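Here we start with a single chain on its own, the form deposited in one PDB entry, put down as structure tokens.
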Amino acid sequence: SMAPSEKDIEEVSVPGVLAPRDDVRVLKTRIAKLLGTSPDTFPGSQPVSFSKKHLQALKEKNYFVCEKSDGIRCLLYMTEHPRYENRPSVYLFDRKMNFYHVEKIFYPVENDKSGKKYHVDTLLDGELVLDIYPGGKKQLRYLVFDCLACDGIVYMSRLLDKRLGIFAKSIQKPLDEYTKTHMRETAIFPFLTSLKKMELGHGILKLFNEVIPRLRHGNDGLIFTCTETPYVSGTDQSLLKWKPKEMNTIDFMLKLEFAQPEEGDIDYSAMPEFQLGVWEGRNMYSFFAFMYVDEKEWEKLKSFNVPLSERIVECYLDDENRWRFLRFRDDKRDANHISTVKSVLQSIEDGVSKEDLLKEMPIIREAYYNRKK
């Protein structure tokens, strides 16, 4: 068995080319003008970590819940090419404001038989995911979960119902019409676009047992979306991300220390100590914890026949709150910075266990129907 690394991870790549710097300046300014935001500042929302107080939040307001997809969070911008105004252009950009130009993509306009009209000043929020099919068939897909602007009109002040509603009618529906009668053309698309399916807030058990295990892309927990709130740029206290403790991983520097016995030479077959270190900055590392490795686990690590010491590893906390090896991270310059470590640990400390989340569901649902009067 080869040593597990990030090379095992199904990697999602934005199917496009980085837009040139001068083009990006135009796009940022243009987006800022429409939204009323700041050009250099990402206008998308960011969720907060689910904590204990959020059990009451779900009890007080209408919420949707869906699977938190593994993939890349991207906003989609339909506009004209900054250099060629006669050229329709689609951009996907992330929270670091990296703009990618996507080609061979097509978003039809309603009731247009020419297929030459196009959308401008339209901004979607969603996630690019990679669905796996049998025979190594892979399908890139853009799951839409919000709309900031459609056809020149900003919908950020409206609630989720109107926001997703306008996207479904003006974008998805005509696209659905086109796709049904143009499967040959559709296959050229770098990715397929669809509205992300959501459940009522109290329906997480259905997600756990029926939806999630049938997914064709990576899952990373749950996202809760309030339906009584406007779109918020930046940190949105109404938008909640929930993750099991095992998914709240941290990258450490691993060091092995073998005990020198009183008499004779060191038995290197014997279990050493597994020290986990945290990056303090530059080249400074400090001791943080011991990694728990059982006897059979130690045999597997030896079976890898790769260097174990002085390496970045990804670790998680088990049921007994012991740090456990998950995979090597050869894609990292350093371990997680102490500030990042503290932040992840805080999400866990304030966290709600899966069990406690489920036991709260009846109360949540009950209050949902008592609001429905």
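Only residues modelled in both forms are compared. Sequential numbering from 1, following the sequence displayed. If you superpose the two forms and keep the largest set of C-alpha atoms that fall within 1.5 Å, you have the rigid core.
**Student:** In the PDB record, does 266-274 or 168-176 carry the higher mean Cα temperature factor?
**Tutor:** Higher mean C-alpha B-factor in the PDB entry: 168-176.
**Student:** Averaged over C-alpha atoms, is the B-factor higher for 191-199 or for 291-299 in this PDB entry?
**Tutor:** For C-alpha atoms only, the mean B-factor is higher in 191-199.
**Student:** Looking at 109, 72, 92, 149, which has the highest CA B-factor as recorded?
**Tutor:** Highest C-alpha B-factor among the listed residues goes to 109.
**Student:** Just to confirm, going by the entry's C-alpha B-factors, which of 141, 255, 241, 214 comes out highest?
**Tutor:** Highest CA B-factor of the listed options: 214.
**Student:** So where's residue 104 on the chain's Cα temperature factor ranking, which third?
**Tutor:** As the PDB entry reports it, the C-alpha B-factor of residue 104 lands in the middle third of its chain.
**Student:** What third of its chain, lowest, middle or highest, does the C-alpha temperature factor of residue 81 fall into?
**Tutor:** Ranked within chain, residue 81 CA B lands in the middle tercile.
**Student:** Could you look up the Cα B-factor of residue 40 in the entry and say which third of the chain it sits in: lowest, middle or highest?
**Tutor:** Highest third.
**Student:** Name the third of the chain's ranked CA B-factors that contains residue 204, choosing lowest, middle or highest.
**Tutor:** As the PDB entry reports it, the C-alpha B-factor of residue 204 lands in the middle third of its chain.
**Student:** Using only modelled residues of the chain, where does the Cα B factor of residue 97 rank: lowest third, middle third or highest third?
**Tutor:** As the PDB entry reports it, the C-alpha B-factor of residue 97 lands in the middle third of its chain.
The form deposited in another entry exists for this protein as well; it is not shown, and the discussion that follows is about that form.
**Student:** Where among 185, 176, 80, 280 does the Cα move by 2 Å or more between this form and the one not shown after the core is superposed?
**Tutor:** C-alpha shift of at least 2 Å: 280.
**Student:** When the rigid core is used for the superposition, does residue 289 move between this form and the one not shown (threshold: C-alpha shift of 2 Å or more)?
**Tutor:** Result for residue 289: yes, a 2 Å-plus shift.
**Student:** Taking the rigid core as the reference frame, is the Cα of residue 258 displaced by 2 Å or more between this form and the one not shown?
**Tutor:** Indeed, residue 258 is displaced by 2 Å or more.
**Student:** Is residue 271 one of the residues whose C-alpha moves 2 Å or more between this form and the one not shown after the core fit?
**Tutor:** The answer is yes; the displacement is at least 2 Å.
**Student:** Moving stretches between this form and the one not shown on a rigid-core fit: which runs of at least three residues all have C-alpha shifts of 2 Å or more?
**Tutor:** After superposing the rigid core, the shifted stretches between this form and the one not shown are 3-6, 249-350.
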